[PDB]
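Following: one structure in structure tokens, then a few remarks.
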Amino acid sequence: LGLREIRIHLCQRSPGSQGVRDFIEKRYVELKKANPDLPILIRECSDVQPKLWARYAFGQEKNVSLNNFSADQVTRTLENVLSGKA
Amino acid sequence: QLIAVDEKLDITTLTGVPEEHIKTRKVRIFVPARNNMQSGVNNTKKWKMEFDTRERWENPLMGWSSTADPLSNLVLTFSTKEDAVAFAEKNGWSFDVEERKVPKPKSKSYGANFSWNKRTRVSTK
Amino acid sequence: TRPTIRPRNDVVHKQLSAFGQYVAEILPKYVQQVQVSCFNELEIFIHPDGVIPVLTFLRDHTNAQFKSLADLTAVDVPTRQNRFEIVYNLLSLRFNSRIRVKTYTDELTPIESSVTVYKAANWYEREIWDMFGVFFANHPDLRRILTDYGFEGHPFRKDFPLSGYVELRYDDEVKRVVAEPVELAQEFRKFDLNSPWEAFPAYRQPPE
Amino acid sequence: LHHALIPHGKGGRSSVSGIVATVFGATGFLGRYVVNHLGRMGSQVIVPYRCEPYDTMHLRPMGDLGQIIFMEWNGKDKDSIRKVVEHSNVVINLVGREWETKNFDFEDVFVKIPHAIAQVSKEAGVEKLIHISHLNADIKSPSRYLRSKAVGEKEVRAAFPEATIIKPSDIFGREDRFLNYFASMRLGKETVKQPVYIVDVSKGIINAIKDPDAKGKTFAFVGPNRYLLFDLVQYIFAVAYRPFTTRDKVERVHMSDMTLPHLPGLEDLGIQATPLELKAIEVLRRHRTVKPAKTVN
Amino acid sequence: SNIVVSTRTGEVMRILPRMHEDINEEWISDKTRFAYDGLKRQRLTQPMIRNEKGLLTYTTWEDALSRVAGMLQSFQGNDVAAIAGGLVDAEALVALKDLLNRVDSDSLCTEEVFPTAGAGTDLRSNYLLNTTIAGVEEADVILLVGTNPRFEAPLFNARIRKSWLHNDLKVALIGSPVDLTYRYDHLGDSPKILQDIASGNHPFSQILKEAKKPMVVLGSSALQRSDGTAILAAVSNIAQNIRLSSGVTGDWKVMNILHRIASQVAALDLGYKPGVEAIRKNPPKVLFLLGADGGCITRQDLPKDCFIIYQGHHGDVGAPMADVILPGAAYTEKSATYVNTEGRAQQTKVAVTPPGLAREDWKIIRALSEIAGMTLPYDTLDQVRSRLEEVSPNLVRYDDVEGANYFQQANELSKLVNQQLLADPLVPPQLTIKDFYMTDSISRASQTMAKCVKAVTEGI
Amino acid sequence: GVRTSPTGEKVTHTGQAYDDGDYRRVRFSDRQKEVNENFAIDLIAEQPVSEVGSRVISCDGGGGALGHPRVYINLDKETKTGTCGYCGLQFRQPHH
Amino acid sequence: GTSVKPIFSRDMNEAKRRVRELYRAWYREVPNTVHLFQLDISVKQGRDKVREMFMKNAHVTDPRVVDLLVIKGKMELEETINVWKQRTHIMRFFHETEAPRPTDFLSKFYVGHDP
Ligand SMILES: NC(=O)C1=CN([C@@H]2O[C@H](COP(=O)(O)OP(=O)(O)OC[C@H]3O[C@@H](n4cnc5c(N)ncnc54)[C@H](OP(=O)(O)O)[C@@H]3O)[C@@H](O)[C@H]2O)C=CC1
Ligand SMILES: [Zn+2]
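Chains as they are written, first to last, in PDB author numbering: chain F, 14 to 99; chain L, 51 to 175; chain P, 43 to 250; chain J, 36 to 221, 231 to 288, 314 to 358, 369 to 376; chain M, 259 to 718; chain T, 28 to 123; chain E, 14 to 128.
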């Protein structure tokens, strides 16, 4: 139940990652303001779906898809992951 | 008179190659780099297929170099990268392809050796 | 052209070019190319479907009578879509001449057997099947002729390794000769002999 | 581990297994199989011989070039033993005679020679020693063979505490003296026999060499099935298609094979014992020109 | 730099440059060329354990792996930690990270320090040479801060020299006045000069304002000096002033970080914590040394009877302090992924196999995980690369250098903490050529490097 | 100039000798180790230095076509002597 | 598309019928091979080996490959029936001298560098 790190794999040019990119360029800083000790890694996919990876204690990982998500949708998904609610 | 079958070509079962020398090897498809000791480029024209390097050990008598993999000296030549990919695919070998490296065109000017105000002026010739 | 250079014969060159054009005119259904080399050797490149007609013509026509089959063999070129090229060498005693016929196939396309045209082809075709894996249709008895019984693979293929995959020894536990995966006390030494600085400008390929 | 003794290759003829083995009694029945097993994986084998080299010629093709080294020795001298085992990391003792000779009685063959081998090997720093005794070796045996076997086993243990003792029953194989001896006769119903295949014993010796935990242990190599002597001989004669060695062998063959459940066997060394019904034809086919015997478990 | 290893009968004979127009053109460094001699000396060949006397003695893989696995099972959480050295590949890095995560440990550290305040390693461009090596040929002004590119990155300095010669590039340096083989403008030694440039008092601020393609390069050696946060903040402030005053010329990517070791960028990509401070805060009782030979952690900084495992290929300062030694493979003996200072991932190929009982490093970690009851999902090199793709998908694109620019976010996050600068001039570690030959365990084992050091120290 | 190992084996001109822990020594038991007694380095070290009154000398190893390829050696350096790259013979100008 | 010249079979069913004919012939021949070569194996394990060698190629979905395999198997059967092979050739199918190779990751780790 203890979150350790999260990973956002977004693509540079594909339209499906568009909203995700927006989220970063709009809100990532504020997120890093609220969570100064959580590693939020941002990495680059290529011709792949956007994805969000969440790592919990003892190496368990869960991933969710971010294809065609808007900034509001990715914000909601990230709040759900951070809070732990299903 | 024509089957008109639609499937990817696979001749693995007909070549007599042992099972573990098909799905365990990794072939490399590449244009060999020019030997830096020389200037000739005639050895950088064709595509090569070569297998992964395996263990070499010392012969207890005479200290020679001994191997146990039969494909250690197998190098194939191809006109294009597509030919090599087709051969490797039909033979059931997993491959890594590297794109051809080409020297970029350079601007050469002998007159720049003797420059009024640039740094290209040479101190000796 | 002083004494170290091979002399050339223009009369034979002209004669072979004329006979090549003649053969191409007579059999346009199968002939794709005709060539005469600088040392006066004529080769005819044909479609695989014309192996039996063309050969029959060259054996039976009054102006050819190539009655002797000197050699039949195959060449493996992995870079081509059709891997194997099949080469027929024919000798005519009536006109004291030689000719070469080439065709092509891959690992899965049968080639017609020419034993009905030349009896000599029989063993040659067996050898081809033994060494390259080319199947010949309507062969009286096609089977291995050079390799050991139960030998796997076709050793004259380019991707076949030089020392093969198995070696033989005598085992005293089972009291017989057994086959095991090959292990060499000294690996064959691969040499990189080709130099840069191309040797022959006349054969330079376009830089594409 | 002395880099020159680090294993290399794929465990084949020209591989290096890291085993330097001195095999005493390599010119006999079990020795040829042991040397073949050692040499097919690329170990270095030192063969001491006292016979003519002609009698050792059949061991030459058993290893790669240089992997089999023949040296002369005699059991009465400790210097030859020392020079034969100087460079080995494992020593195997297969020395044994099934009869008494004017120059070597049972005491020299089974007590003095093994004791000398063990003592010299311990002095030379040999890491592993493997010694073969009999399954039915006990001190109070009516036969001098098994009595000397037991005494020699005790003295080998005294000289080499880390020695591995392998005790086997009658061994049946292509060059044996069990099946061939029973087929050359051309009493029972109370003697029980437990024969073991030769290849099983060879693999057991090899795995004991390779097993790091079989240092001071004692093993008993026995077959899967126990037969009565009468029915075993009946089966032997049936397989040959034919109608149904002074004193010590008779008394040893009339006695029953002991049972030692507390001792580890072939299964502890990862070997499945081959039944006699699979190899009887192989051994006895040369005696010619299905109805297997009843077993007691 | 791309190279060709020449081998014969299972032995490395020499190293030659392999042509890459974007990285090293046609040249290599003297260390790159001649330090292969060190691969033949002080090599780890067999597993080793401590005997009852306290001395390292040989043993089998089974015994050493069982001893390591027993302690891995006994301890967990913050009691387990690992340090990664300068020659470690991405496969072994991700394998060790997964193994320590399976025991609920997050203290995966490197010896090279990068400031973690602000964005840290969350934004890749925060720790990359964003202009790329080739992009130096397009710049018209460059500012070097606290680095000696001549000995830290010889081919990068060669590219700077080429641009200086052919493009009339203007070069200025903050730090000690080293010899760079070209004439540059020394602005001084004090870090406070950056502040002046960040404020606009210094005339070089006007020089940078007029530039069309300005470039600022900061070395990691200036980041190791405990001022790294403040130094990075000042450089980011200068770059932000440039972008704000001169506007957005394009995707020029002014900011740059020049790295020194080959394993740092892959470790930062995979989520390793840069620096070894987390070990100091929470001393562990089981410590993994993955080729770590910088000596930044001694047995004094660890509790009594700490279990130390060294995995590597050379016997150096890291091996004699360890309880268990696991012999790994050198870079010429494996197919491994390394990411250079630009963020470009490249793979090596097997030239020879490891000597003795040495094995591939990720295979060692996987075997250890299986023996310890924590088997990792991957079994082949392809599956390890699939895991690498899952963790950071830029590690499987093997010649790509293009990436996103998140400079604005990093610059906004770098303004939170206000660490002060020290009154201590920037002094690079590679002051002169005699300090260039011996930098890693392979170089220190090289007899040719020893000859070079001797010749430069006294010449004949 | 042959030497002996601390074990007792002869050391070849290439410096080869099995160490004490090497099992391979067993190949020489009841046999011998083939060693060439004439060391070429010591034999070429005994040749006198030839004196020539020229700055450049030529060497072909003696015997004309039975020697080695003909090479030219510069003798301007007085610190050392010129040495043939095939034969090992030495040349010098008459210093003092 | 991709029209190709047949070897013997127009589709998969004819190839399967030829495969079944070849398998029937091998199954009939096995006891004769065991008796005539004086082999030390049983008829049961000989037929098991025949079945295993047939199942090794069970993944092929191309009729040309299938009937080339059938041609090769018929060649092998003709070699066996005419006693052109020796006992060694017949016994080579069983690899009774080759040491067992572990498929486990740990064992391959222990023995060497080969994956
Ligand atoms: N029934 C069986 O086969 C089983 C065997 N036993 C034990 O297993 C061991 C080996 O068995 P096995 O192979 O069948 O026996 P063998 O008779 O076939 O050979 C024994 C070896 O010991 C050598 N040897 C015998 N006497 C002397 C001697 N006085 N000096 C030097 N060498 C000698 C022989 O060499 P050479 O020919 O030159 O004389 C021979 O090579 C023996 O110790 C035996 O007692 C264990 C249970 C039963
Ligand atoms: Zn000379």
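Quick reminder that beta carbons are idealized off the backbone N, C-alpha and C, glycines included.
With a CB to CB cut of under 6 Å and the five nearest residues on each side skipped, what residues in its chain are close to residue i?
| i | result |
| --- | --- |
| residue 237 of chain M | It is not possible to answer for residue 237 of chain M, since the shown part of chain M is limited to 259 through 718. |
| J/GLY46 | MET76 |
Can you list, in chain order, the residues of its chain whose CB lies under 7 Å from that of residue i, leaving out five sequence neighbours each side?
| i | result |
| --- | --- |
| M/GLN605 | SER593, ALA594, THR595, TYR656 |
| L/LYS76 | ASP102, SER144, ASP146 |
| M/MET271 | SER264, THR265 |
Suppose you measure from the CA of residue i to the CA of residue j; what does that come to, to the nearest Å?
| i | j | result |
| --- | --- | --- |
| P/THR43 | P/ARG50 | 10 Å |
| J/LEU231 | J/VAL245 | 28 Å |
| J/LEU338 | J/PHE265 | 10 Å |
| F/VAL87 | M/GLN677 | 34 Å |
| J/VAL240 | M/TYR568 | 48 Å |
| J/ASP275 | J/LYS373 | 7 Å |
| M/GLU410 | M/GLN705 | 21 Å |
| J/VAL146 | J/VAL352 | 32 Å |
| T/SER81 | T/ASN101 | 9 Å |
| M/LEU548 | E/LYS62 | 49 Å |
| M/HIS424 | L/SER157 | 11 Å |
| J/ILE280 | J/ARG286 | 9 Å |
| P/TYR191 | E/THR93 | 9 Å |
| J/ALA56 | J/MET327 | 31 Å |
| P/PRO120 | L/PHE128 | 7 Å |
| M/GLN331 | M/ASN669 | 43 Å |
| L/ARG78 | L/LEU124 | 12 Å |
| L/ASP56 | F/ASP85 | 47 Å |
| M/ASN499 | M/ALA491 | 12 Å |
Just checking my contact of residue i with residue j at CB under 8 Å: how many whole Å lie between their CB atoms?
| i | j | result |
| --- | --- | --- |
| M/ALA430 | M/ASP443 | 4 Å |
| J/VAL120 | J/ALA172 | Incorrect: roughly 24 Å between the Cβ atoms, too far for contact. |
| M/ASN652 | M/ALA703 | Wrong, their Cβ atoms sit about 33 Å apart, outside the cutoff. |
| P/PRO152 | P/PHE178 | 7 Å |
Among residues of its own chain, excluding the 5 on either side of residue i, which ones have a beta-carbon nearer than 8 Å to its beta-carbon?
| i | result |
| --- | --- |
| F/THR90 | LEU65, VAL77, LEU79, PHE82 |
| M/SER324 | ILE629 |
| M/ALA536 | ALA339, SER365, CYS367 |
| T/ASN63 | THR39, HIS40 |
Which residue or residues does DSSP assign as beta-bridge partners of residue i?
| i | result |
| --- | --- |
| T/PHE118 | T/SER77, T/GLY109 |
| M/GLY477 | M/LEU516 |
- Item | Chain-ordered residues of the segment 358-374 of chain M with a beta carbon less than 8 Å from chain F | Cβ contacts with chain F: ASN359, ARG360, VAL361, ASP362, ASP364.
- With 7 Å as the C-beta to C-beta threshold (strictly closer), list the residues of the segment 71-86 of chain L near chain M in chain order. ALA83, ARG84, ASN86
- Under 9 Å (Cβ pairs) to chain J, residues found in the segment 21-38 of chain E: none
- Task: Would you list, in chain order, the members of the segment 36-50 of chain J that have their beta-carbon closer than 9 Å to a beta-carbon of chain P?
- Result: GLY44, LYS45, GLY47, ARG48, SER49, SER50
- Message: Short of 9 Å Cβ to Cβ, which residues in the segment 109-134 of chain J face chain T?
- Response: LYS118, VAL119, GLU121, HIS122, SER123, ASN124
- For the segment 339-355 of chain J, enumerate the residues whose C-beta is nearer than 9 Å to any C-beta of chain E, in chain order. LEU347, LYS348, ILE350, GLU351, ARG354
- Using a Cβ cut-off of 8 Å, which residues of the segment 42-54 of chain E contact any Cβ in chain J, in chain order? Within the segment 42-54 of chain E, the qualifying residues are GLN51, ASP53.
- Message: Counting only Cβ-Cβ distances shorter than 7 Å, please list the residues of the segment 58-75 of chain E near chain L, keeping chain order.
- Response: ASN70, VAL73, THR74, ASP75
- Near-chain E residues of the segment 150-174 of chain P (beta-carbon distance less than 9 Å), N- to C-terminal order: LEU150, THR151, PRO152
- Using a Cβ-Cβ cut-off of less than 8 Å, give me the residues of the segment 277-294 of chain M that come near chain E, in sequence order. none
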